[PDB]
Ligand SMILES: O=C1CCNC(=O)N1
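First, one chain by itself in structure tokens, the form deposited without the ligand.
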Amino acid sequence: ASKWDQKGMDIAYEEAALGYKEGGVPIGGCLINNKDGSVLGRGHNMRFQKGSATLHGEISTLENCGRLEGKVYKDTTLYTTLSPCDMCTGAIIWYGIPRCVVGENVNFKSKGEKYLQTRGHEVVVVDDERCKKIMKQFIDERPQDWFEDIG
């Protein structure tokens, strides 16, 4: 699966950078088929774009994949620029996405990371400097938007 990790993080970061330029929270993702590297879906946080409580970058990514047979998710990696919250963690667990690759968990880390490992999922934190820099820039410019969301 790891031979698609560069592709997956590059797409996730592109989604985060699209979101940033749209005036949103720079959190992006994509879902890749581990066998052939095909992109099933990609998305970014739509909190500000759509006034959305639930379209986190990971949720938006899964929504953008469309209706799938459940078996499709079982050989995928979900790429996200930021450590997933408990809701997004639960979506990974529920669909049985076996592997989650995380840009960084410096600006945010939920109990979801550990819970994924407890439920038998592989979690890889790449500690990517591009992801940390864009998230830190949003947090510095828009602290009330950030700390009102994550608390």
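The first residue of the sequence shown is number 1, and the count goes up from there.
Judged by mean Cα B factor in the deposited record, 109-117 ranks above the other of 109-117 and 55-63.
Stretch comparison (80-88 versus 46-54) by mean CA B-factor in the PDB entry places 46-54 on top. Ranked by C-alpha B-factor against the other modelled residues of its chain, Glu15 falls in the lowest third. Split the chain's modelled residues into thirds by C-alpha temperature factor. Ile97 is in the lowest one.
Ranked within its chain, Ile27 lands in the lowest third, by CA B factor from the PDB record.
One more form of this protein exists, namely the form solved in complex with the ligand; it is left out here, but the text below deals with it.
Taking the pose of the ligand in the deposited complex and superimposing the nearby C-alphas onto this chain, the site is open, with no ligand atom within 2.4 Å of backbone or C-beta atoms. Exactly one listed residue, out of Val123, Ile93, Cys85, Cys65, brings a non-hydrogen atom to within 4.5 Å of the ligand in the deposited complex: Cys85. In the deposited complex, the ligand sits within 4.5 Å of a heavy atom of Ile27. Residue contact with the ligand in the deposited complex: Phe108 places a heavy atom within 4.5 Å of it. A residue is said to contact a partner when one of its heavy atoms sits within 4.5 Å of a partner heavy atom; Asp5 fails this definition for the ligand in the deposited complex, lying far away. Within 4.5 Å of some heavy atom of the ligand in the deposited complex lies at least one heavy atom of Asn45. Taken together, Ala17, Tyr20 and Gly103 are entirely out of contact with the ligand in the deposited complex: none brings a heavy atom within 4.5 Å.
Stretch-level contact analysis of 33-41, 113-121, 65-73, 50-58 against the ligand in the deposited complex, using heavy atoms and a 4.5 Å limit, identifies 50-58. In the deposited complex, the ligand lies within 4.5 angstroms of at least one heavy atom of each of the following residues of 120-150: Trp146, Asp149, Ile150, in sequence order.
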